[PDB]
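**Student:**
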Amino acid sequence: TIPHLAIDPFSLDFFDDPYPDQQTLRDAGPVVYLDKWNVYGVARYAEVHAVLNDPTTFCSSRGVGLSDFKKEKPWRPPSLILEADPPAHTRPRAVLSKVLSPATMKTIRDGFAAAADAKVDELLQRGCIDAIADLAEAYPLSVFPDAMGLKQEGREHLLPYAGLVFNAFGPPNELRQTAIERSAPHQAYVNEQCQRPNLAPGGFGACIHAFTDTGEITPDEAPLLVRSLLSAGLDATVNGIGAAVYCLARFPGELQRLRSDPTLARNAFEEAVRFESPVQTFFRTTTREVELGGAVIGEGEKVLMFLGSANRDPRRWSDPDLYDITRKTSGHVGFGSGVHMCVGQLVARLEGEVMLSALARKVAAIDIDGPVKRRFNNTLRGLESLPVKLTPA
Ligand code: HEM
Ligand SMILES: C=Cc1ccc(C(=O)O)cc1
Ligand SMILES: [Cl-]
Numbered sequence: 017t018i019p020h021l022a023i024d025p026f027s028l029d030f031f032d033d034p035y036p037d038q039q040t041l042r043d044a045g046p047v048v049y050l051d052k053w054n055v056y057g058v059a060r061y062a063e064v065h066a067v068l069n070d071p072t073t074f075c076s077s078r079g080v081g082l083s084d085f086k087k088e089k090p091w092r093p094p095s096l097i098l099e100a101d102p103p104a105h106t107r108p109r110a111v112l113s114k115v116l117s118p119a120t121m122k123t124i125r126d127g128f129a130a131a132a133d134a135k136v137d138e139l140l141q142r143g144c145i146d147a148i149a150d151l152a153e154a155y156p157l158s159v160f161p162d163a164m165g166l167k168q169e170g171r172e173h174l175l176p177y178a179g180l181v182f183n184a185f186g187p188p189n190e191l192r193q194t195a196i197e198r199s200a201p202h203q204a205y206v207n208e209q210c211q212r213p214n215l216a217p218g219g220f221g222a223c224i225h226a227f228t229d230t231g232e233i234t235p236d237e238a239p240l241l242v243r244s245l246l247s248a249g250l251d252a253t254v255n256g257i258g259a260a261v262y263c264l265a266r267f268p269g270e271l272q273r274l275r276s277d278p279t280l281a282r283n284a285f286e287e288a289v290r291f292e293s294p295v296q297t298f299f300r301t302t303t304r305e306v307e308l309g310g311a312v313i314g315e316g317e318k319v320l321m322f323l324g325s326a327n328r329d330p331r332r333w334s335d336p337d338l339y340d341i342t343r344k345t346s347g348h349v350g351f352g353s354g355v356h357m358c359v360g361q362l363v364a365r366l367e368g369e370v371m372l373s374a375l376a377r378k379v380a381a382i383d384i385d386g387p388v389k390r391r392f393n394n395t396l397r398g399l400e401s402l403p404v405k406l407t408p409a
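Just so you know, we're using the entry's author numbering here: the sequence shown kicks off at 17 and counts up by one.
#1: Just confirm the distance between the C-beta atoms of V64 and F322, as a whole number of angstroms; I'd bet it's less than 8 Å.
#2: Can you give the beta carbon distance from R343 to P278, rounded, assuming they're within the 8 Å contact cut?
#3: Quick one: grab the DSSP three-state call for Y56.
#4: For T17, count neighbouring Cβ atoms within 10 angstroms of its own Cβ and tell me buried if that reaches 16, exposed if not.
#5: Which one of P217, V242, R92 has the shortest CA to CA distance from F182?
#6: Roughly how far, in whole angstroms, is the beta-carbon of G186 from the beta-carbon of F26, given that I think they are within contact range, below 8 Å?
#7: Verify the contact flag: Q203, CB atom, against every heavy atom of ligand 3, threshold strictly below 6 Å.
#8: With a cut-off of 8 Å on the beta carbons, I'd call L250 and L175 a contact; round off their distance for me.
#9: Regarding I124 and ligand 1, is the C-beta to nearest heavy atom distance less than 6 Å?
#10: Between the region 221-231 and the region 331-343, are three or more C-beta pairs nearer than 8 Å?
#11: Buried or exposed: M357, going by 16 or more other Cβ atoms within 10 Å of its Cβ?
#12: What do you reckon, are the CB atoms on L191 and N327 nearer than 7 Å?
#13: Hey, could you find the ends of the beta strand (DSSP E) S401 is sitting in?
#14: Output the residue ranges of the alpha helix (DSSP H) runs that lie fully inside the region 35-121 and measure 4 residues or longer, sorted by chain position.
#15: Among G269, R391, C210, which residue has its Cα nearest to the Cα of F31?
#16: In chain order, what residues of the same chain have a beta carbon less than 6 Å from the beta carbon of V363, not counting five sequence neighbours either side?
#17: For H225, does the count of other Cβ atoms within 10 angstroms reach 16, so buried, or fall short, so exposed?
Written out as structure tokens, the structure is:
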């Protein structure tokens with residue numbers, strides 16, 4: 017028997033403090049039913065990991081949001097990677113893997129790190145800053161659009177579009193419908209920048225379009241793959257870096273450990289991704305009747321995976337609610353897991369690592385010195401405003 021809960025995981029009260037409700041979801045049973053939206057829910061690490069690693073049964077091509085693409089028209093053309101199952105997912109996935117490859121990271125790392133150091137220096141000259149707008153947003157905005165090969169004009173559309181995308185995975189609540197109402201200009205800009213002539217030589221987009229002659233993708237698939245990078249490539253890392261700075265501000269002992277050994281930067285970022293889980297949730301749809309956690313789930317059912325809860329499951333993690341920069345983080349699902357596991361994770365980890373290295377070498381203290389404001393999104397967890405004072409080393 018599967019327990020029925022009335023918790024709305026997409027309510028503003030849930031977003032404000034999801035951890036008690038995530039414990040209630042976990043402790044109710046391995047599989048729950050959320051009556052509010054008529055979906056199954058999995059909040060423990062084990063069931064989330066199992067669902068993510070069974071794309072045949074728990075598919076993505078009927079949408080990874082609440083909407084079932086077999087029942088409703090998608091709000092935009094389906095992503096050729098995120099909203100695709102194998103085998104159609106495989107070759108676009110490969111192209112994106114080679115575009116955001118170790119070699120590409122080697123080409124861009126010196127500039128990403130230089131830009132992170134310069135940003136921390138500028139903020140240190142300012143002293144009191146907003147760690148969201150002036151850091152978590154400003155740094156990825158300073159490196160990622162250029163690495164894409166985007167022109168300067170119209171970049172102010174990138175964060176709104178992203179927010180829209182992440183709101184659109186949610187249920188048809190006020191956040192989602194409001195997002196879609198305001199979507200037209202951001203959609204117009206983003207779809208336009210996806211065309212080959214609009215992507216500067218040597219950038220991620222130009223490389224995607226250059227990969228259109230190997231038999232893995234065709235030229236008509238390249239704009240949508242550039243669209244994938246313009247959908248996920250900025251906002252997720254904004255909330256990851258914001259998560260990390262929020263953690264270092266809340267856990268000064270961990271900031272002191274990070275200063276003492278800056279080579280912990282990468283893991284300090286990885287732990288942040290586990291601790292806050294900026295991408296909180298994703299859906300799957302059952303392609304057949306399946307037994308999961310002793311519960312029978314019929315065909316065509318939406319299954320809501322709580323990635324943040326899975327990353328705080330005490331069945332899997334010791335002291336899951338502590339931020340520990342030397343934690344063995346391998347296995348967390350903040351980047352997903354399986355065939356869809358974040359293809360841009362090397363970029364995200366590069367940005368987070370070099371930013372946290374900059375803070376580790378340059379900043380003595382991070383003190384919250386203003387009202388903290390949360391940003392509400394159906395899929396992303398993160399702050400709207402994080403006022404901090406940076407004491408230089
Ligand atoms: C802290 C930063 C990030 C987090 C937490 C994050 C999270 C995730 C998660 C959980 C998934 C799995 C989706 C699923 O299983 O349905 C995913 C997939 C994906 N992410 Fe990331 N992401 C981040 C950064 C990035 C970046 C920087 C890029 C591109 C430059 C990117 C592009 C993508 C794409 C294209 C997919 C689809 C992968 C696939 O379906 O095979 N993401 N991301
Ligand atoms: C992880 C978020 C995400 C959003 C959009 C896409 C896409 O548009 O393919 C991929 C990942
Ligand atoms: Cl679009």
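Using N, Cα and C, we set each Cβ at its ideal position, and we do this for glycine too.
**Tutor:** Walking through what the data contain:
#1: Here the question's residue 64 lines up with position 48 in the sequence shown. Here the question's residue 322 lines up with position 306 in the sequence shown. So it is a contact: roughly 7 Å between Cβ atoms.
#2: Locating residue 343 in the sequence shown gives position 327, where the first residue counts as 1. Locating residue 278 in the sequence shown gives position 262, where the first residue counts as 1. Contact between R343 and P278 does not hold, since the beta-carbon distance rounds to 17 Å and is not under 8 Å.
#3: Here residue 56 corresponds to residue number 40 of the sequence shown, with the count starting at 1. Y56 falls in the strand class under three-state DSSP.
#4: Here residue 17 refers to the residue found at position 1 of the sequence shown. With fewer than 16 Cβ atoms within 10 Å of its Cβ, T17 is classed as exposed.
#5: Residue 182 sits at position 166 when you count from the first residue of the sequence shown. Closest option to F182, Cα to Cα, is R92.
#6: Residue 186 sits at position 170 when you count from the first residue of the sequence shown. Residue 26 sits at position 10 when you count from the first residue of the sequence shown. Distance from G186 to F26 at the Cβ level is roughly 5 Å; contact confirmed, criterion being Cβ atoms closer than 8 Å.
#7: Numbered from its first residue, the sequence shown carries residue 203 at position 187. Yes, the beta carbon of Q203 sits closer than 6 Å to at least one heavy atom of ligand 3.
#8: Counting from 1 along the sequence shown, the entry for residue 250 is found at position 234. Counting from 1 along the sequence shown, the entry for residue 175 is found at position 159. So it is a contact: roughly 7 Å between Cβ atoms.
#9: Taking the sequence shown and counting its residues from 1, one reaches residue 124 at position 108. No, ligand 1 has no heavy atom inside 6 Å of this Cβ.
#10: No, they do not touch.
#11: Sequence index remark: in the sequence shown, residue 357 carries index 341 (1-based). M357 comes out exposed.
#12: As a working mapping, residue 191 is identified with position 175 in the sequence shown. As a working mapping, residue 327 is identified with position 311 in the sequence shown. No, they are not a contact pair.
#13: Counted from its first residue, the sequence shown places residue 401 at position 385. Segment 397-401, the beta strand (DSSP E) holding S401.
#14: Taken in chain order, the complete alpha helix (DSSP H) segments of 4 residues or longer contained in the region 35-121 are 35-44, 61-68, 106-115.
#15: Counted from its first residue, the sequence shown places residue 31 at position 15. Just measuring C-alpha positions, the residue of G269, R391, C210 sitting nearest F31 is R391.
#16: For this step, residue 363 is matched to residue 347 along the sequence shown. Counting only Cβ-Cβ distances below 6 Å, and skipping sequence neighbours, we find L116.
#17: Along the sequence shown, read from residue 1 onward, the residue named residue 225 stands at position 209. By the 16-neighbour rule on beta-carbons within 10 angstroms, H225 is buried.
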